[PDB]
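See structure below.
Bear in mind that the values in this text are calculations on the coordinates, not laboratory data. Quick reminder, even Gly has a Cβ in these numbers, built from the backbone with ideal geometry, and neighbours come from all protein chains shown.
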Number of protein chains: 2
Amino acid sequence: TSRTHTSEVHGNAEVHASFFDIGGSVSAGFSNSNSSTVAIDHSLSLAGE
Amino acid sequence: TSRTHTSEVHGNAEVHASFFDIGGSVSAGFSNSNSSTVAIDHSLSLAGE
């Protein structure tokens with residue numbers, strides 16, 4: 001059982017160049033991810049000697 | 001318990017082709033993280049010999 005909480009961000013860039021228009025930008029934001037993960041695992045093991 | 005800190009660099013470049021439209025979108029990105037990773041694991045066993 002894992003209540004794994006990951007809080008992230010966004011960041012990039014972008015520019016524009018042309019015959020007419022020159023522009024730019026920067027991508028920016030925020031994030032928060034959480035994964036409510038549960039599982040189950042069975043196992044056999046047979047050993048000889 | 002755990003605490004992931006995933007960082008990143010990037011560098012990108014795209015150009016779109018149209019009739020009278022042109023432009024180069026050269027990019028670069030970076031996005032860090034402040035996470036929280038935790039889990040509770042149970043187990044039984046039965047070793048019969």
| note | Residues in the stretch A:25-36 that are outside any loop (DSSP other than H, G, I, E, B) and not aliphatic (A, V, I, L, M) total 5
| remark: Within the stretch B:16-29, the residues that are at the interface with another protein chain (Cβ under 10 Å from one of its Cβ atoms) and not hydroxyl-bearing (S, T, Y) are B:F20, B:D21, B:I22, B:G23, B:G24, B:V26, B:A28, B:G29
| field | Residue selected from the stretch B:2-24 under the condition in a loop (DSSP other than H, G, I, E, B) and among the hydroxyl-bearing types (S, T, Y), by the criterion farthest from the chain's Cα centre (by Cα) | value | B:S18
| request: Scan the stretch B:37-49 for residues that are in a loop (DSSP other than H, G, I, E, B) and surrounded by 10 or more Cβ atoms within 10 Å (Cβ to Cβ) and report the count. | output: 2
| task | Inspect the stretch B:30-41 for any residue being under 23 Å from A:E8 (Cα atoms) and more than 7 Å from chain A (Cβ to nearest Cβ) and give the result as yes or no. | result | no
| Is there a residue being within 15 Å of the chain's Cα centre (by Cα), β-branched (V, I, T) and farther than 30 Å from B:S25 by Cα anywhere in the stretch A:28-37? | no
| said: Can you list residue pairs whose Cβ atoms sit under 6 Å apart, with the first residue in the stretch B:20-48 being within 30 Å of A:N32 (Cβ to Cβ) and the second being among the hydroxyl-bearing types (S, T, Y) and not in a loop (DSSP other than H, G, I, E, B)? Count only pairs 6 or more apart in sequence or on different chains. | reply: B:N34/A:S7; B:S35/A:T6; B:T37/A:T4; B:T37/B:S2; B:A39/A:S2
| message | Quick check on this structure: which one of A:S27, A:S31, A:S18, A:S2 is in contact with a strand residue (DSSP E or B) (Cβ under 8 Å, 6 or more places away or on another chain) and farther than 30 Å from B:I40 by Cβ? | response | A:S27
| message | Return the pair list, or none, for Cβ contacts closer than 8 Å from residues in the stretch A:1-15 that are within 7 Å of chain B (Cβ to nearest Cβ) and under 18 Å from B:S25 (Cα atoms) to residues that are part of a loop (DSSP other than H, G, I, E, B) and β-branched (V, I, T), at least 6 apart or on different chains. | response | A:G11/A:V26; A:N12/A:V26; A:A13/A:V26; A:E14/A:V26
| Considering only the stretch A:3-26, how many residues are of a type outside the set (G, A, S) and surrounded by 14 or more Cβ atoms within 10 Å (Cβ to Cβ)? | 9
